[PDB]
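Next up: a single chain in structure tokens, the form deposited in one PDB entry.
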């Protein structure tokens, strides 16, 4: 029994060991309660505005669309404190943890971006944050590891198993299985077992709500489409949610195509994987023929995830949202284009969404269309990645 439906059509659910069900049920109830509590809402709003910097700007990019009938706006989550949309929901989850009487946060991170977000909200709200990280990742992520420790989070190197993210997640959940009365597991995307896909969406939906008010103010109508990159699905569902019942508005999710779908080195399970059960949910995933979870790939670490949130699988299945893929090369070109023409250095994750809008524009230059791309983050973090690739390509 749950208060909310754990499924979006056949996708979602709570595929966790029995011992974690009470933690999930407790979280769902605290979240339902929090959503009806004006005080919680006022506190979350105050932090979003006065600490994180919301509302974020909606920037019209005229230079990039010159000569075409496309009008493009970028929702500026790259201007949010921390440099990415992740900040929104970790602040909400940290408030839920406190509502449940918890003073500790458990997270795990690969690239280190969720780790940084978890650590900053925890520093701000007086929570002892411990982040599990595969030893292999700790080694390859010095900058973010340092940021996490500067902010007081305990970064726990995991050497068990293969010493990668799956090993960190494992240890994190085990920890949580024994400490959930005093610790909250802060999941970093709109995936995993219910209630997380729902919570993350609701804690990121201000992206879409603001975009709606801003576009109505500036253009006097809704967008023909909102476009967002999709790793686990949080920034995209955050942008999409408020427009779901506005059926004239297209919702386009962009998965990473990596070196190309045909090469198998990509992170596009929604359109090119197969339904499976893992990470506590039933969802499309990249898997071998006999059911092992495949390794995903993208030039962008933030989109290097082998599955996708269930609500996206569902919106896709009923045809309400369409999902496409963008390769490393297309993302890199979009990255360079935005720097040069708008003076904005976008995250490589976000460059996948921008790349797809650039393609919609360039393929049909005389098509009149009002598009909004969710610029999920800034790309200062990607400067060396891009530099070395370009240097390598002479």
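Positions refer to the first chain, counted from 1. Definition used throughout: the rigid core is the maximal C-alpha set that superposes within 1.5 Å between two forms.
Taking the mean C-alpha B-factor of each stretch as recorded, 282-290 and 79-87 are not equal, and the higher mean is that of 282-290. Comparing 139-147 with 115-123, the higher mean C-alpha B-factor in the PDB entry belongs to 139-147. The residue among 194, 218, 166, 201 whose C-alpha atom has the highest B-factor in the PDB entry is 166. For the set 237, 244, 172, 229, the PDB entry assigns the largest Cα B-factor to 172. When the modelled residues of the chain are ordered by their C-alpha B factor, residue 274 lands in the highest third. The deposited CA B-factor of residue 62 belongs to the highest third of values across its chain. Annotation for residue 211: C-alpha temperature factor in the lowest third relative to the rest of the modelled chain, per the entry. Sort the modelled residues of the chain by CA B factor and residue 36 lands in the highest third. Sorting the modelled residues of the chain by their CA temperature factor places residue 304 in the highest third.
One more form of this protein should be noted, the form deposited in another entry, which is absent from this view; the next part is about it.
Core superposition between the shown form and the other one leaves every listed residue (133, 119, 237, 303) with a C-alpha shift below 2 angstroms except 133. Relative to the superposed rigid core, the position of the CA of residue 81 differs between the shown form and the other one by less than 2 Å. Relative to the superposed core, residue 263 shifts its CA atom by less than 2 Å between the shown form and the other one. Once the rigid core is used as the reference frame, the Cα position of residue 202 differs between the shown form and the other one by less than 2 Å.
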